[PDB]
Amino acid sequence: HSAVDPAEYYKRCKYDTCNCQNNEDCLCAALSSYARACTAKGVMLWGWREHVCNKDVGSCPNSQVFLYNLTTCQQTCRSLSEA
Amino acid sequence: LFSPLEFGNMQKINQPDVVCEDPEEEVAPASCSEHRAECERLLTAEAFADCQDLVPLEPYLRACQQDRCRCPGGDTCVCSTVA
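In the PDB archive, cryo-EM is given as the structure determination method for this entry, at a resolution of 3.4 Å.

In the annotation of the PDB entry, chain B is listed under the name Mucin-2 and assigned to Homo sapiens. The title field of the PDB entry reads "MUC2 Tubules of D1D2D3 domains".

By the naming in the PDB entry, chain A is Mucin-2, taken from Homo sapiens.

Residues and elements named next belong to chain A. Summed over the entire model, instances satisfying the criterion amount to 2 aromatic pairs over all chains. Relative to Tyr34, the ring of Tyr9 has its centre 5.4 Å away and its plane inclined at 70 degrees; by these criteria the two rings are edge-to-face. Taken together, the residues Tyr9 in helix α1 (residues 7-19) and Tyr34 in helix α2 (residues 23-39) connect sequence positions 25 residues apart. Taking 5.1 Å as the distance between ring centres and 85 degrees as the angle between the ring planes, the aromatic pair formed by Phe66 and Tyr68 counts as edge-to-face. Taking relative accessible area as the criterion, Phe66 reaches 27% and is therefore assigned partly exposed. Look at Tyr68 and you get partly exposed, because its relative accessible area is 31%. Lying across the ring of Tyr9, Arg12 places its NZ or CZ 4.5 Å from the centre.

What follows is about unusual backbone geometry. Residue and element names in this part refer to chain A. Here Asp5, not a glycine, exhibits a phi torsion of approximately 60 degrees, which is positive. When you line up the elements, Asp5 lands in the segment before α1. Positive phi is not limited to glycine here, since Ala83 has a value of about 70 degrees. Mapped onto the elements, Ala83 comes out in the segment after α3 (77-82). Judged by its relative accessible area of 86%, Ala83 is exposed.

Attention now goes to the state of the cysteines. Residues and elements named next belong to chain A. Scanning all chains against the criterion turns up 5 disulfides over all chains. At a sulfur-sulfur separation of 2.0 Å, the disulfide partner of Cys28 is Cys53. Looking down the S-S bond of the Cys28 and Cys53 bridge, the torsion is -110 degrees, so its handedness is left-handed. Here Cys28 is found in helix α2, whereas its partner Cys53 is found in the loop between α2 and α3, with 25 residues between them in sequence.

To continue, consider the packing of helix α2 (residues 36-43) of chain B against helix α3 (residues 58-70) of chain B. Residues and elements named next belong to chain B. The N-to-C vectors of α2 and α3 enclose an angle of 125 degrees; their axes lie 9 Å apart at closest approach. The orientation of α2 with respect to α3, classified from their angle, is oblique. Handedness of the α2/α3 crossing: right-handed. Contact residues: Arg36, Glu38, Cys39, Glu40 and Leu43 in α2; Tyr60, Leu61, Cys64, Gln65 and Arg68 in α3. Of the residues that constitute the contact of α2 with α3, the class distribution is 5 nonpolar, 1 polar and 4 charged.

Rules used throughout
- Residues numbered from 1 in each chain as written, not as in the entry; some residues may be left out.
- Chains lettered and ligands numbered in written order.
- Part of a larger assembly, values for the part shown.
- Heavy atoms only, no water.
- Residues with missing side-chain atoms left out of burial classes, pairs and counts.
- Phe/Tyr/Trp six-rings, centres within 6.5 Å; stacked < 30°, edge-to-face > 60°.
- Helix = DSSP H or I, 4+ residues; strand = E, 2+ residues; numbered from the N terminus.
- Buried < 20%, exposed > 50% of the residue type's maximum accessible area, 1.4 Å probe, protein only.
- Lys NZ or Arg CZ within 6 Å of the ring centre and 35° of its normal.
- Disulfide = S-S within 2.5 Å.
- Axes fitted to C-alpha atoms, helices over the stretch in contact; angles between N-to-C directions.
- Parallel < 35°, antiparallel > 145°, perpendicular 65-115°, else oblique.
- Left-handed = near helix turned anticlockwise from the far one by under 90°.
- Contact = heavy atoms within 4.5 Å.
- Nonpolar A, V, L, I, M, F, W, Y, C, P; charged D, E, K, R; others polar.

This is how it looks when you write it as structure tokens:
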């Protein structure tokens, strides 16, 4: 709230949730949009999927966990071969 | 020609908090015509004299057909149609 001023994302969240037939997907898409926008300005919301959009956080593979800062340059050692 | 069940299922309303399953098609039961005399006698009594010309008779008696056989024991379904 000290950086992004969510006052403009709130009305859009309501609009999308009320409009689309599959409301939960639009709800999560709208929240993820604000999360991406805030992360763009240095403030990262770690662990924001615990009450609202945690429908796939726990579905990750056995040794692979859900992340919030997954990056392109974090692939297998095949990528490290070129690097 | 839409069957009643599918046509009714078309008019469903989606609440974005609960998922409710539509009723499935049950096996077609025998035409409960063995109680037609009962419905015809009870419905066309003297108390209903001056309405034989206002309202039809076939639909309500047809409904009574299923009510009599689908509600064994207490007569809580038959006296709901004549009502």
